[PDB]
Structure formats: structure tokens, C-alpha cells
């Protein structure tokens, strides 16, 4: 099935994202999709969930995500 998740920037006025995501998708997949939308190199970004640093291969099932939950997107400089 799918759950609705929100992605909000840690800083600034960038738009939040709302994605419908499969529960067997992983954190890394979410980050790939967010970075595709944001036009960002993946390694310039991290996602946190309730403040926690995340392993890319967590599924959203294993992490205990629920419909409506939010991840925070932390970004860095992009010229490296």
C-alpha cells in the first residue's frame, strides 16, 4: 500500500513536499526522490525522522512511519 509523508526543510523557506510512499520503500529511496524533486546531489542531503539520523536501508515499515508523518531535510553546500 502507500502512506502519505511530508518532507520539510530544516531551514529556510523552501517548499515542503508531500509524497505517497510504499511502506517497503527505504529512507534512501525517499532521499533519492526528494533530491530529484529539489535538483540536489544526494550526498548534500540527510533526512531525519523525529530528529533521528537514519540508515538508508531502513524501510518505512521498520522505522515505524505512519501516514501523515514528517521527515526533515538537512542540506549542505553543493559545489564539492
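Residue numbers count along the first chain shown, from 1.
In the deposited entry, the Cα temperature factor of residue 5 places it in the middle third of its chain's modelled residues.
Among the modelled residues of the chain, residue 67 sits in the highest third by CA temperature factor in this PDB entry. Sort the chain's modelled residues by C-alpha temperature factor and residue 18 lands in the lowest third, per the entry. Sort the modelled residues of the chain by CA B factor and residue 50 lands in the middle third.
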